[PDB]
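Student: Shown below is the structure under consideration.
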Amino acid sequence: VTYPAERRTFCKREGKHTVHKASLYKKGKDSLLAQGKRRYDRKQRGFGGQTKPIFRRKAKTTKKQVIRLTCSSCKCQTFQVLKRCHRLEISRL
RNA sequence: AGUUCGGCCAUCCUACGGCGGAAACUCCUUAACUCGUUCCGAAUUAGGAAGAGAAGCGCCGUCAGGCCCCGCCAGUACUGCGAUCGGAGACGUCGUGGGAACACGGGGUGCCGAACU
RNA sequence: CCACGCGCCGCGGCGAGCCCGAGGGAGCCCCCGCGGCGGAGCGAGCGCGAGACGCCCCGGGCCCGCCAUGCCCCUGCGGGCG
RNA sequence: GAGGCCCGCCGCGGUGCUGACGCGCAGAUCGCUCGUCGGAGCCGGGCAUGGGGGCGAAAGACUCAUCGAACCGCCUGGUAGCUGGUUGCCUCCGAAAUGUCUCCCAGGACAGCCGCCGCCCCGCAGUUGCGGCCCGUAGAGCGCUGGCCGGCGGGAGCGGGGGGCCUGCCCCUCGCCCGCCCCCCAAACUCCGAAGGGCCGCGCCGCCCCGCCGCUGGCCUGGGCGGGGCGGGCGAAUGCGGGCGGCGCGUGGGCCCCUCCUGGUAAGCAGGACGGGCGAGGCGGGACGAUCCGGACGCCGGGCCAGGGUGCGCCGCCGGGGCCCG
RNA sequence: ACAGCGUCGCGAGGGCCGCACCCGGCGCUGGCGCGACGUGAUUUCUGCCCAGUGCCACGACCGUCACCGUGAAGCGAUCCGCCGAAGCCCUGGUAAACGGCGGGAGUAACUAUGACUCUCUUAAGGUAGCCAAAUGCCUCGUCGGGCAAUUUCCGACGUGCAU
RNA sequence: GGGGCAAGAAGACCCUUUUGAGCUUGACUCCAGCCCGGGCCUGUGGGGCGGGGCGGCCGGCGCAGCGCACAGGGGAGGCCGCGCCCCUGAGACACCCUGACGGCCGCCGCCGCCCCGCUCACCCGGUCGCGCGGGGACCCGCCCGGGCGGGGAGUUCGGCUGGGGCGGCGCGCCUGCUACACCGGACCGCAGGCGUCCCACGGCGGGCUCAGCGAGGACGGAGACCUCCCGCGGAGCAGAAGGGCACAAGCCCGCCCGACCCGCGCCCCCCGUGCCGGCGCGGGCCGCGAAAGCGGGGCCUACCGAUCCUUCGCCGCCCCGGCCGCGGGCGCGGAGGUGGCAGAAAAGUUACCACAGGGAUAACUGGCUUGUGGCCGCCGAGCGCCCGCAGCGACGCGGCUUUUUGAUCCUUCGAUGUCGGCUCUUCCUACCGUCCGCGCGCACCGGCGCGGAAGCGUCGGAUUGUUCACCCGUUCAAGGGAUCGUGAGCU
């Protein structure tokens with residue numbers, strides 16, 4: 001599918017509708033200091049093998065894509081999660 | 001009578017053939033602008049007024065089609081509730097209730113409010 | 001069956017209270033004897049903090065906290081008021 | 001005089017008999033018949049190797065009547081949704097085999113039914129009558145969505161032909177195209193349209209005046225919500241007191257008889273549904289049958305009499321009309 | 001099991017095993033040795049295939065691939081680089097390693113048969129032999145022999161379910 | 001020895017159990033073992049070659065100048081053997097002369113690597129320590145880190161299922177049926193779908209009418225194109241199906257993104273719980289249109305997902321003895337997920353096999369059904385020289401039977417021993433011969449068809465476990481029932 005280069009959307013920090021430019025959301029690098037990551041490492045240490053469930057059978061063709069939108073005037077950030085698409089791209093303005 | 005706004009939306013529709021316009025409505029006649037057309041002033045937007053019933057329309061008229069109303073179809077088809085009711089059955093009685101439909105024959109064929117002239 | 005925990009019911013004492021806790025009293029079932037639990041909640045938390053009715057029940061209305069919103073002002077991201 | 005040579009005794013093995021025995025002489029014995037018998041032979045004593053270890057000319061064989069992982073004690077009275085059993089009496093009430101889910105489908109949990117405990121005062125119905133809405137099943141029909149068999153027409157279309165034509169559709173015929181008809185049809189067709197079901201109503205009507213509303217309107221408009229007067233009354237039958245909580249238990253394999261079913265060629269077949277029945281309902285009948293026809297139960301004495309019967313077993317019948325190789 | 005037959009590793013600062021550890025066995029041995037495996041006396045032979053999977057290569061040194069160590073940056077927790085040992089990868093070898101070893105169509109002057117072509121298709125397409133075998137489904141195959149009579153038997157035949 | 005489904009024996013057959021064991025691998029998760037690096041153990045040297053600390057050496061034109069004033073310079077004094085602001089440049093070379101040492105000799109516990117020794121640590125061999133060697137700061141050991149590793153461990157190896165498996169996915173969802181006119185009603189019942197696709201295929205306003213018949217017009221026809229007509233949708237609206245829709249929900253055009261934000265309720269499923277989808281709202285903030293109005297996507301009914309963990313936004317809160325930076329936590333609502341779809345992390349095998357149970361269930365007997373297998377009767381298209389019927393007999397039609405086989409699981413798993421034979425006994429008639437009639441397309445002979453008839457006979461053998469099958473013979477040779485008669489009768 002396609003998303004528009006900018007969509008005029010409500011921006012909460014301004015409190016009014018204003019144009020928002022668009023990118024695509026991605027997972028951030030996971031820190032080794034996340035509470036759960038720290039716990040998983042501790043559990044793994046020591047003999048006994050895998051201490052937590054490992055999801056193995058993936059059944060989903062593709063992930064719903066979240067479009068990050070930034071309002072230029074208010075620096076607002078907003079995200080619209082489109083339905084699952086095997087390929088989506090941001091149109092050039 | 002006719003207009004403008006309406007309510008039920010064919011008894012108000014369809015196709016045809018008559019009749020009528022005083023007023024109304026339409027037709028009509030023109031782009032100087034406003035406006036308007038994948039092209040086209042056809043439609044549309046303006047600005048009118050010489051006409052005109054040819055249409056539209058208002059009325060009739062069709063052993064017209066439809067749409068509608070009543071019979072009849074018919075206690076018929078089905079079916080509710082019982083039955084040591086018959087029948088090898090599947091089917092039909094009997095008792096006690098509820099009762100269609102298509103056809104077919106007759107008859108129809110808009111009415112209502114508000115403002116206005 | 002017993003122990004312990006829980007839910008609820010019935011009873012008995014006392015009532016914004018209530019309670020043989022361990023213990024200690026030449027004391028024996030007697031006497032004295034804390035926490036705890038309840039009486040305030042709500043919000044992740046910073047924190048803030050219930051009265052308005054009422055035989056009872058039940059809804060309604062309000063109040064408190066949390067999430068907003070808009071006004072006003074001191075000891076101000078503080079207070080109050082809707 | 002040689003040989004992992006041959007026959008053959010003891011020995012050492014154990015082939016057959018499928019012999020005897022088979023509660024045995026015996027937890028492997030006995031009889032004949034056997035294989036071998038100088039050899040990789042047999043036998044006794046000492047010793048070594050120990051349990052996921054040993055040992056094995058391998059058969060998962062053997063390791064003290066145990067071996068595809070010994071034996072003894074212990075953890076341990078391990079765990080089981082799985083089997084079996086679970087101890088006096090009388091009385092009162094009395095189910096479910098269903099729904100959603102769950103690594104569930106031999107089980108549970110929540111809900112339903114049900115028991116006890118109650119508490120509280122409003123009215124109540126698996127009913128009929130009357131009023132107003134709903135429905136698309138049977139029937140019926142083929143308008144619509146498709147199936148369907150043949151007649152009667154009328155022609156622009158030679159589609160082919162048969163063909164008089166210089167030739168040609170210039171010559172006719174059926175198809176084709178419509179038209180009138182007609183034969184049978186539907187689960188996934190509806191012009192219409194039942195029976196039968198569902199839902200809601202059947203007491204408080206008016207009149208009049210304000211009150212209130214950051215709600216609604218051009219308004220003095222509303223819409224709601226209150227208070228006071230002033231008129232009228234209880235306005236379908238029948239039966240009948242309702243309402244609500246608390247706390248648990250079993251149950252969550254069901255099966256039949258009707259009736260409509262799906263499906264399979266069809267069943268004491270496999271799935272659905274209204275009701276009833278058995279489950280968990282004694283008793284009488286149907287010869288016999290958990291469910292059929294009656295009747296649904298304290299202990300009894302009379303009487304009545306259902307369903308089914310009335311030659312005799314075996315309680316109880318005669319009369320009349322018709323029929324007759326049950 | 002066996003003699004025979006091959007293959008494999010290893011020259012003791014070693015191999016293969018035991019083994020909580022200390023230490024052991026082979027070995028009081030030394031390649032005519034010791035361990036590991038196949039096949040199973042002769043007689044006669046052992047075809048083709050290294051694609052794949054194993055195994056082997058100071059056979060390389062690419063790409064990958066760690067700890068450290070060392071660069072930067074930071075207030076420091078730290079965070080990014082870089083280096084990169086084996087190993088994998090990569091390149092060869094190896095089937096008495098495990099294993100594998102194809103189809104259509106047209107044809108001779110008896111008819112038929114198919115030496116002969118043609119066309120796909122493989123790492124290679126099954127060679128010498130052998131066959132209804134203890135291996136052949138069809139199948140109680142066909143044809144001989146043996147019987148009065150043969151789902152057995154034997155000699156043949158053999159695109160042979162599946163040698 | 002016919003029965004007491006005579007007793008064995010909580011069936012090892014077939015299932016089921018969130019019951020196991022032995023084995024396997026390329027299951028899941030791992031561990032010894034070994035290989036491989038870096039440290040430590042662990043000394044004493046020689047270097048190469050960079051680095052590296054010292055460590056000399058020299059620098060130096062806009063020069064406007066007194067003159068390569070490097071800059072930084074500066075005074076008018078001294079000691080070249082000379083000056084001098086303001087020279088111009090900012091400050092001219094007087095007694096004057098110059099940073100980072102800018103380039104650039106030698107010395108040192110400097111680091112990095114590639115070597116090369118030595119002996120003394122650490123090992124190893126000989127010997128009666130009888131007149132000795134070898135290796136060497138490397139291996140070894142150890143600590144870390146990477147490999148390899150069924151050689152072992154531990155464990156798992158879904159479900160429904162007319163037994164199980166296999167396949168199928170009524171495992172999550174949607175349309176039309178089935179479904180038997182509210183609703184709710186099942187089937188490894190009946191046709192199809194869904195996991196997407198589209199910032200346009202969206203929102204909104206405007207204009208329009210769509211398929212198609214007709215009948216006409218250069219090339220023009222089968223087909224291309226344009227017109228007046230009539231057109232209830234016979235078009236279209238993404239995709240299944242069914243509903244829905246005409247100055248529209250179609251089609252075209254112009255604008256825009258409501259395919260917003262903040263908080264709530266209702267309906268579907270339903271235990272009246274989620275979840276998906278919808279819907280109705282209260283506030284803001286936008287869009288489109290003259291406006292009323294409409295819009296939280298694509299007409300409706302399908303098109304997706306809890307805890308924990310991760311990530312990202314947005315405002316705040318907390319680190320508990322304070323304070324400041326960093327970082328962690330949290331509230332908040334989005335993503336990343338569980339398709340077995342209310343959501344374990346997971347391969348086979350077992351004839352060496354155990355359990356606990358179950359006919360809640362397969363096998364083998366039964367019994368029910370009867371497609372199948374036979375056996376009858378109805379009709380006559382026809383055949384038989386002629387001629388429906390002496391014998392036949394199509395296409396159809398109706399029955400029987402248990403002798404087969406399917407279906408179904410009603411009974412049996414703390415067990416009813418299982419095929420065929422041998423042996424022996426009874427029974428049936430749906431009769432092959434013998435007996436009695438009767439008809440022939442019966443001269444005789446022999447055949448054939450009926451009705452009655454179950455007394456007697458239906459044998460010997462070759463292959464095969466055979467029942468069967470087949471063949472050879474003969475006094476020429478029917479078919480079947482008895483828990484598929486007949487294992488403390490046997491084999």
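Labels for the structure tokens follow display order: chains A, B, ..., residues from 1 in each chain, ligands from 1.
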Would you return as JSON, numbers by chain the members of chain A that DSSP assigns to strand (DSSP E) on this structure's backbone?

Tutor: {"A": [2, 3, 6, 7, 8, 9, 10, 11, 16, 17, 18, 19, 20, 21, 22, 23, 24, 66, 67, 68, 69, 70, 71, 77, 78, 79, 80, 81, 89, 90]}

Student: For C-alpha atoms, I'd like the residues from the last selection saved as a compact mmCIF listing (two decimals), in the first residue's frame.

Tutor:
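Contents of the output file again-v2.txt:
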```txt
# COMPACT_ATOMS: atom_id res chain seq x y z
CA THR A 2 1.10 3.69 0.18
CA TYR A 3 0.93 6.33 2.94
CA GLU A 6 2.37 14.29 5.16
CA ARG A 7 -1.14 13.90 6.65
CA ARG A 8 -2.75 16.78 8.51
CA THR A 9 -3.58 15.12 11.87
CA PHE A 10 -4.46 16.39 15.39
CA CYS A 11 -1.24 17.12 17.34
CA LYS A 16 -5.05 21.47 17.14
CA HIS A 17 -4.85 19.70 13.72
CA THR A 18 -1.43 20.37 12.04
CA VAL A 19 0.54 18.63 9.21
CA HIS A 20 2.57 15.55 10.31
CA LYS A 21 5.51 14.14 8.17
CA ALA A 22 5.72 10.27 8.07
CA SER A 23 8.36 7.47 8.71
CA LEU A 24 7.94 3.72 9.66
CA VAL A 66 2.99 1.52 12.38
CA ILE A 67 3.70 4.87 10.68
CA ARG A 68 5.55 7.37 12.91
CA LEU A 69 4.23 10.89 12.20
CA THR A 70 6.00 14.08 13.40
CA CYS A 71 4.20 17.50 13.46
CA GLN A 77 4.74 12.37 17.63
CA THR A 78 1.74 10.18 16.62
CA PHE A 79 1.43 6.68 15.12
CA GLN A 80 -1.29 5.16 12.86
CA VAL A 81 -1.26 1.33 12.70
CA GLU A 89 5.95 2.60 1.41
CA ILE A 90 5.88 6.35 2.22
```

Student: According to DSSP computed on the backbone, where in chain A is there helix (DSSP H, G or I)? Give the residues as a list in words.

Tutor: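 Restricting chain A to helix (DSSP H, G or I) produces residues 35, 36, 37, 38, 39, 40, 41, 42, 43 and 44 of chain A.
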
Student: Quick one: write out the picked residues with N, CA and C atoms as a JSON list (two decimals), in the first residue's frame?

Tutor:
```json
[["chain", "number", "residue", "atom", "x", "y", "z"],
["A", 35, "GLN", "N", 14.85, -4.62, 32.77],
["A", 35, "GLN", "CA", 14.57, -5.51, 33.93],
["A", 35, "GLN", "C", 14.51, -6.97, 33.48],
["A", 36, "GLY", "N", 13.71, -7.29, 32.46],
["A", 36, "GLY", "CA", 13.50, -8.66, 31.97],
["A", 36, "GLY", "C", 14.74, -9.25, 31.34],
["A", 37, "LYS", "N", 15.49, -8.43, 30.60],
["A", 37, "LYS", "CA", 16.73, -8.90, 29.94],
["A", 37, "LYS", "C", 17.73, -9.28, 31.03],
["A", 38, "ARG", "N", 17.80, -8.47, 32.08],
["A", 38, "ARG", "CA", 18.74, -8.74, 33.21],
["A", 38, "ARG", "C", 18.32, -10.05, 33.88],
["A", 39, "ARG", "N", 17.02, -10.24, 34.09],
["A", 39, "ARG", "CA", 16.52, -11.47, 34.74],
["A", 39, "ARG", "C", 16.79, -12.67, 33.85],
["A", 40, "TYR", "N", 16.58, -12.54, 32.54],
["A", 40, "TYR", "CA", 16.75, -13.69, 31.62],
["A", 40, "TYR", "C", 18.21, -14.13, 31.67],
["A", 41, "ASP", "N", 19.12, -13.16, 31.69],
["A", 41, "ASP", "CA", 20.56, -13.50, 31.73],
["A", 41, "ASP", "C", 20.87, -14.26, 33.02],
["A", 42, "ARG", "N", 20.35, -13.80, 34.16],
["A", 42, "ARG", "CA", 20.66, -14.45, 35.45],
["A", 42, "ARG", "C", 20.14, -15.88, 35.37],
["A", 43, "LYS", "N", 18.91, -16.05, 34.91],
["A", 43, "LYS", "CA", 18.29, -17.40, 34.90],
["A", 43, "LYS", "C", 19.15, -18.30, 34.03],
["A", 44, "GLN", "N", 19.61, -17.79, 32.89],
["A", 44, "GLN", "CA", 20.36, -18.64, 31.93],
["A", 44, "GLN", "C", 21.65, -19.14, 32.58]]
```

Student: Need to verify the contact set: region 104-108 of chain E, 9 Å, only C-alpha atoms (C1' of nucleotides), exclusion of same-chain residues closer than 6 positions in sequence. Can you return it as a PDB file with N, CA, C and O atoms (P, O5', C5', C4', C3', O3' and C1' of nucleotides), in the first residue's frame?

Tutor:
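Generated file (around-v2.pdb):
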```
ATOM      1  P     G E 114      12.772 -56.503 -29.449  1.00  0.00           P
ATOM      2  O5'   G E 114      14.235 -55.883 -29.754  1.00  0.00           O
ATOM      3  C5'   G E 114      15.316 -56.744 -30.196  1.00  0.00           C
ATOM      4  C4'   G E 114      16.001 -56.107 -31.379  1.00  0.00           C
ATOM      5  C3'   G E 114      16.392 -54.634 -31.196  1.00  0.00           C
ATOM      6  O3'   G E 114      17.791 -54.428 -31.339  1.00  0.00           O
ATOM      7  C1'   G E 114      15.162 -54.953 -33.244  1.00  0.00           C
ATOM      8  P     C E 116      23.194 -51.005 -32.017  1.00  0.00           P
ATOM      9  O5'   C E 116      22.606 -50.670 -33.455  1.00  0.00           O
ATOM     10  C5'   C E 116      23.446 -50.383 -34.580  1.00  0.00           C
ATOM     11  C4'   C E 116      22.616 -49.703 -35.632  1.00  0.00           C
ATOM     12  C3'   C E 116      22.212 -48.288 -35.271  1.00  0.00           C
ATOM     13  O3'   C E 116      23.227 -47.370 -35.626  1.00  0.00           O
ATOM     14  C1'   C E 116      20.310 -49.481 -36.016  1.00  0.00           C
ATOM     15  P     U E 117      23.619 -46.222 -34.609  1.00  0.00           P
ATOM     16  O5'   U E 117      22.957 -44.930 -35.262  1.00  0.00           O
ATOM     17  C5'   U E 117      22.010 -44.149 -34.518  1.00  0.00           C
ATOM     18  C4'   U E 117      20.855 -43.736 -35.395  1.00  0.00           C
ATOM     19  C3'   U E 117      19.965 -42.654 -34.804  1.00  0.00           C
ATOM     20  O3'   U E 117      20.409 -41.334 -35.084  1.00  0.00           O
ATOM     21  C1'   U E 117      18.614 -44.475 -35.408  1.00  0.00           C
ATOM     22  P     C E 118      20.971 -40.424 -33.899  1.00  0.00           P
ATOM     23  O5'   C E 118      19.824 -39.338 -33.698  1.00  0.00           O
ATOM     24  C5'   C E 118      18.870 -39.060 -34.736  1.00  0.00           C
ATOM     25  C4'   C E 118      17.491 -38.962 -34.140  1.00  0.00           C
ATOM     26  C3'   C E 118      17.420 -38.295 -32.778  1.00  0.00           C
ATOM     27  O3'   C E 118      17.422 -36.876 -32.838  1.00  0.00           O
ATOM     28  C1'   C E 118      16.121 -40.272 -32.754  1.00  0.00           C
ATOM     29  P     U E 119      18.325 -36.043 -31.817  1.00  0.00           P
ATOM     30  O5'   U E 119      17.331 -35.726 -30.617  1.00  0.00           O
ATOM     31  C5'   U E 119      16.014 -35.209 -30.862  1.00  0.00           C
ATOM     32  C4'   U E 119      15.082 -35.645 -29.761  1.00  0.00           C
ATOM     33  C3'   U E 119      15.568 -35.361 -28.354  1.00  0.00           C
ATOM     34  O3'   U E 119      15.426 -34.004 -27.933  1.00  0.00           O
ATOM     35  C1'   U E 119      14.711 -37.556 -28.451  1.00  0.00           C
ATOM     36  P     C E 120      16.609 -33.229 -27.121  1.00  0.00           P
ATOM     37  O5'   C E 120      15.854 -32.705 -25.828  1.00  0.00           O
ATOM     38  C5'   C E 120      16.270 -33.110 -24.538  1.00  0.00           C
ATOM     39  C4'   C E 120      15.175 -33.846 -23.814  1.00  0.00           C
ATOM     40  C3'   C E 120      15.472 -34.173 -22.365  1.00  0.00           C
ATOM     41  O3'   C E 120      15.207 -33.080 -21.506  1.00  0.00           O
ATOM     42  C1'   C E 120      14.661 -36.109 -23.451  1.00  0.00           C
TER      43        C E 120
END
```

Student: Do a neighbour search on residue 83 (chain E) at 12 Å with only C-alpha atoms (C1' of nucleotides), toss out local chain neighbours closer than 5 positions, and write the hits as a PDB file with C-alpha atoms (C1' of nucleotides), in the first residue's frame.

Tutor:
```pdb
ATOM      1  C1'   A E  66      35.222 -15.902  20.592  1.00  0.00           C
ATOM      2  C1'   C E  68      41.362 -11.524  26.066  1.00  0.00           C
ATOM      3  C1'   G E  69      44.285  -7.512  24.246  1.00  0.00           C
ATOM      4  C1'   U E  70      44.331  -2.720  22.223  1.00  0.00           C
ATOM      5  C1'   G E  71      42.244   1.825  19.769  1.00  0.00           C
TER       6        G E  71
END
```

Student: List as a PDB file with N, CA, C and O atoms (P, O5', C5', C4', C3', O3' and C1' of nucleotides), in the first residue's frame the protein and nucleic acid residues near residue 27 (chain E), meaning an atom at most 12 Å away when only C-alpha atoms (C1' of nucleotides) are counted, but skip any in the same chain fewer than 5 places from it.

Tutor:
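File produced: around14.pdb:
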```
ATOM      1  P     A E  12      57.725 -40.328  17.553  1.00  0.00           P
ATOM      2  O5'   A E  12      57.174 -40.799  18.966  1.00  0.00           O
ATOM      3  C5'   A E  12      58.088 -41.289  19.950  1.00  0.00           C
ATOM      4  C4'   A E  12      57.349 -41.663  21.203  1.00  0.00           C
ATOM      5  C3'   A E  12      58.217 -42.290  22.295  1.00  0.00           C
ATOM      6  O3'   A E  12      57.935 -41.667  23.548  1.00  0.00           O
ATOM      7  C1'   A E  12      56.362 -43.677  21.822  1.00  0.00           C
ATOM      8  P     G E  33      53.025 -59.081  13.726  1.00  0.00           P
ATOM      9  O5'   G E  33      53.669 -57.861  14.543  1.00  0.00           O
ATOM     10  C5'   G E  33      54.166 -58.106  15.875  1.00  0.00           C
ATOM     11  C4'   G E  33      53.980 -56.849  16.681  1.00  0.00           C
ATOM     12  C3'   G E  33      52.536 -56.495  17.042  1.00  0.00           C
ATOM     13  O3'   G E  33      52.073 -57.227  18.174  1.00  0.00           O
ATOM     14  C1'   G E  33      53.660 -54.580  16.235  1.00  0.00           C
ATOM     15  P     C E  34      50.549 -57.788  18.286  1.00  0.00           P
ATOM     16  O5'   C E  34      49.727 -56.524  18.792  1.00  0.00           O
ATOM     17  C5'   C E  34      50.013 -55.922  20.065  1.00  0.00           C
ATOM     18  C4'   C E  34      49.454 -54.526  20.101  1.00  0.00           C
ATOM     19  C3'   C E  34      47.996 -54.405  19.699  1.00  0.00           C
ATOM     20  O3'   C E  34      47.010 -54.898  20.612  1.00  0.00           O
ATOM     21  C1'   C E  34      49.230 -52.737  18.594  1.00  0.00           C
TER      22        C E  34
END
```

Student: Any chance you could tabulate, as a Markdown table, the residues of region 76-111 of chain E at most 12 Å from region 135-146 of chain F with each one's nearest atom pair and distance in Å to one decimal, using only C-alpha atoms (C1' of nucleotides), in chain and rising number order?

Tutor:
```
| residue | atom | partner | partner_atom | distance |
| --- | --- | --- | --- | --- |
| E:84 | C1' | F:146 | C1' | 11.3 |
| E:85 | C1' | F:146 | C1' | 8.4 |
| E:86 | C1' | F:146 | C1' | 7.8 |
| E:87 | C1' | F:146 | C1' | 8.7 |
```

Student: With C-alpha atoms (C1' of nucleotides) retained, export the selected residues as a PDB file, in the first residue's frame.

Tutor:
```pdb
ATOM      1  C1'   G E  84      40.764 -12.649  14.954  1.00  0.00           C
ATOM      2  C1'   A E  85      42.805 -19.231  17.427  1.00  0.00           C
ATOM      3  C1'   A E  86      40.473 -23.529  16.133  1.00  0.00           C
ATOM      4  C1'   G E  87      36.053 -24.592  13.520  1.00  0.00           C
TER       5        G E  87
END
```
